[PDB]
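**Q** So I've got this experimental structure, pasted below with the sequence.
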Amino acid sequence: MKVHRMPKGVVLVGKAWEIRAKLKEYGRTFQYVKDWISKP
């Protein structure tokens, strides 16, 4: 262990962490249902 799993130093604390979460929760392609219904 020469380095830490989550080290510091050069980091940017802003909304960049929030916008990535919000865009991930909303940007969730729900095709599972469409690919589940098999109707010839």
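**A** Nice, thanks for sending it over. Numbers count the residues shown, from 1 in each chain.
**Q** so where does residue 22 fall, helix or strand?
**A** Following DSSP states H and E, one finds residue 22 within helix 16-26.
**Q** Give me the distance between that helix and the centre of its chain.
**A** 7 Å (Cα atoms, centre = their mean, to the nearest Å).
**Q** do the same with stretch 9-18
**A** That offset, for stretch 9-18, works out to 15 Å (Cα atoms, centre = their mean).
**Q** okay, now residue 15: neighbour count?
**A** Per other Cβ atoms under 10 Å, the neighbour tally for residue 15 reads 8. Where you see a C-beta, it was placed from the backbone N, CA and C, and this is true even at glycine.
**Q** And it, how far from residue 1?
**A** 32 Å (Cβ to Cβ, to the nearest Å).
**Q** So for the chain, the centremost residue is which one?
**A** residue 24 (4.8 Å; Cα atoms, centre = their mean).
**Q** Quick check: it vs residue 14, distance?
**A** 17 Å.
**Q** do the same with residue 30
**A** 30 Å.
**Q** same question, residue 31
**A** On the measure of Cβ to Cβ, residue 31 and residue 14 end up 32 Å apart.
**Q** What's the end-to-end length of stretch 26-40?
**A** Across stretch 26-40, the terminal residues are separated by 31 Å (Cα to Cα, to the nearest Å).
**Q** got the buried residues for it?
**A** Within stretch 26-40, no residue is scored as buried using 16 or more other Cβ atoms under 10 Å.
**Q** distance between that stretch and the chain's centre?
**A** From the chain centre to the centre of stretch 26-40 is a distance of 20 Å (Cα atoms, centre = their mean).
**Q** Contacts for it, please.
**A** Residues outside stretch 26-40 that contact it (Cβ atoms under 8 Å, 6 or more residues apart in numbering): none are found.
**Q** all numbers from here: first residue = 847
**A** Okay, residue one is now 847; in that scheme the one you just asked about reads as stretch 872-886.
**Q** Distance check, residue 850 against residue 873.
**A** From residue 850 to residue 873 the distance is 31 Å (Cβ to Cβ).
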